[PDB]
């Protein structure tokens, strides 16, 4: 995918962001967007094609893959990145608006907006982490047993690349936890 | 797909747009174009290939897929984005024309044009929402029963990734509703 | 495909073009090039692979697909865009030549050249429309009956995605008609 | 493929080229590079995969495809473009060298070099045209009869998309003839 | 994958880096990123598809490929590049922070930070080398014998392109050793 | 692959290079990088997929393809380009270092470094030529007879596109010889 527009706006907000905030944005670019592009998308590329079920029943593989993976992991991470970035977009928009007003003519209302955006980032990060956990836990097993119609009885289905997917799941979970910790540091640093 | 040209023109119109309008354009880029590029196109990539029908009849799968999906969802969203953006293109063109005339030498006629473009955006958004609804509702079921010739009788066909497609359908519907609400806010803000 | 070079030259000619001409060029970029890139190429991507014929005869599918689609639609639209743009290239080249001569040192000969280029655009547009019509009409049917050797007798062949292709055929026909109408407006506006 | 570097150098030589030369370069970009990228590469994409031979003999299809198409057409056109452009590269290099020498400090030796480069362009164009003609004529037939080992006897093989390939073959031949005529015009214009 | 953002930041740090450091960064770009993009990704492209196991057992190939290659080599090299680059990112961030503070208003604390970043680079490089060694040694054999359920007994599986993969494994190992040696040179040069 | 970074550095070294050196670099870009991108990569794209062996033995095709092509040709050419370019990178780095030192404050040591880099280029070119020759000669035959386990006895395997690959092998060999001759000219010109 093409993240150029998002990257441009995030670069814009870097100028008006705290040091911790700049660390957060660079982490976002290097350890989330770049990982999905260079590494994860290739891992998940053959998710359905190499999904195999031990049956002669038409449509069983499709329904079972859908049940096993309601939403693909890479897609969920895309959404997580976008929603997490959106508060920064709101903040930079507010700042640019203030600048344009000054042209017509981090304190106070602007500072409060910054803190609010940090809070929203934290909430979205926790929400996506919890959602991933309930969806998949954090370990993808090779065997999925499926009892969804049209499959006759329970059928054994086998996932592609489960170990590598587990590795990247855990990597992204760690990155999200790091980003959350950075946000906590931002709040503490503002407090100081 | 390459949206660079459209992005450039939309960026141009940002300068001469209202704050709500800038919010609308950023929503368009981040939550529509970027979603289609990064996420949705991969979801719908194997729509026909992994479409499977329980038959030994040649051509049944092709005719049934065509009947089930007259137009693909991602294509309809492309068209929706383009038509929705077109009013902004008209408005920016009018503004640039006025500027060039001033060189030769948001009020009045220009303001009325802006409001008209907002109205067109609202109409196109509602039209595409209603069209999608009548075409597909908002839930893609896994089973499609097909009675189209050459299929003998009704045949059971099975869709790929129905749950994920439902998730993205609903996501895009929400984004469109948000954009419509933003347009309403634009009109109210102008009224104030 | 990469249209960057053509886009650059067309952007150059925008500066020295009429308001109607700018509308025409933006229509060309947004509703032809962008449609082919984002939407149509994916539609026509699996034209031959998912073309299926009810036979056990080697080579029948290849010969029948070739007979049914002598030239693919997307390719014909590429050619249409290029030939339609070429008059603008001639006009901008003439203008730049005049500028360089002035450096060494829309009226008259330049205006006549502009009108001639409009006429060529109209002729090429009508020609491509008529050619498409005679080749395919404007509705792609799912069933193609083929009697081309090596096929034994008439064989039934089934086209992929006929409905979506019909939708895009009609969309592009509408866009071409709109562009032609714009050219007529250009001539009338010059007359005024 | 990526032609950015070649495009940059050709754009550089446009400044120091004749009006006819600029027409030639724009023809090269729009009607050769852009055609190969947007249209022809997709046509020839499935040349070997959809090549089918009526046999049960392993390796017959590979050897027969190789014999039928020793070099693919698109590849030959790539080479033609590169060799044809190379004289312009030589000329621009000579001009830039002269400029750098003047910094240290179209007539005469430079003009003769320009004419020589035109001559080389004409020779390379004629050579590639004749080579294509002897290789393939100008019509690709659907049926190729192959007697190459390991094929037992003569086997019937069937080419993919022969009509479309014929259309593009003829289109590129016309473009090459146009470019040659332009070179002739360059020489005559210099003579005047 | 797209490394533009990382490349931009690394280019930024080149200005404030030692001569040995610049050599290290150019080695990183030319002999790691460019190798993975141009060469290695194509080698490893068909890792699972052309993985073949001598069995009629569903799911055996998937489980055996996963066991043989828990993480793909190219993915591990991506991670290695990112982690190795991260210290440079920290250093450049610290330097830019100091610059911004000076605006508000290689020695001392900055120099110590530089040395620390060198140490982290060395540790990460050694860690990835050792991890690769324990995972795969440095020779990929063609035969993998697999006893993982559902495979019945030990099954013989055959890897794709083992020799080429061995060649690139050794090439990247050499590059990593060279980079480590460069870091040692950096420390010695600072000592001098 | 993406050669932008290498291209940028090579463009930088053009400014501080001899006329023959500029000819060499343009040859490198136009006749090596552009050929691999536009033409050769498509030729070698289906090397393993269309490799066919006359056997019913699992894994025989993989082992035989690996034995026949230990390293793919396109990969070897990538490595050749990178190693050949590396001396220019060393030279430009040395020159930029001298410039930065002058800021703090082709003759002599710099000239000797330039000659040394030419020598390294010549050695690497000869080495890669000889290596290719011993690996493959310069003609790819269609038939490869393979006796590698698990294949039972000698099996006949058939290569894809052998003639086209031979053509490009010879083309690249010619380009390398031309570059070597250019280096010889560089040394002679310096001698004069």
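All positions are counted from 1 along the displayed chain.
The way this entry was determined, per its header, is electron microscopy, 2.5 Å.
Positions of Cβ are set from backbone N, Cα and C atoms, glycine also.
With respect to the membrane, Swiss-Prot annotates residue E:43 and residue E:144 as residing on a common side. With helix defined as DSSP H, G or I and strand as E or B, the topological domain 'Extracellular' (E:42-70) counts 14 helix, 2 strand, 13 coil.
Other C-beta atoms found within 10 angstroms of the C-beta of residue E:60 (disulfide bond) number 22, with every protein chain shown included. With every protein chain in view, the residue among the disulfide-bonded residues E:53, E:146, E:151, E:157 whose Cβ has the most Cβ partners within 10 Å turns out to be E:157. Counted over residue pairs 6 or more apart, the CB atoms of the transmembrane segment (E:118-138) and the transmembrane segment (E:21-41) come under 8 Å in fewer than three pairs, which marks the two as apart. The residues of the topological domain 'Cytoplasmic' (E:12-20), classed with DSSP into helix (H, G, I), strand (E, B) and coil, number 6 helix, 0 strand, 3 coil. In this view, residue E:64 (disulfide bond) is surrounded by 23 other Cβ atoms within 10 Å of its Cβ, with every protein chain counted. DSSP states for the topological domain 'Extracellular' (E:139-166), grouped as helix (H, G, I), strand (E, B) and coil, give 5 helix, 8 strand, 15 coil. Separating the Cα atoms of residue E:60 (disulfide bond) and residue E:157 (disulfide bond) is a whole-number distance of 10 Å. For the topological domain 'Cytoplasmic' (E:12-20), the residues of the chain that approach it from at least six positions outside its boundaries are 88-89, 91-92, 95, 106, 182, 185-186, 189-190, judged by C-beta separation under 8 angstroms. Cα of residue E:64 (disulfide bond) to Cα of residue E:157 (disulfide bond): a distance of 8 Å.
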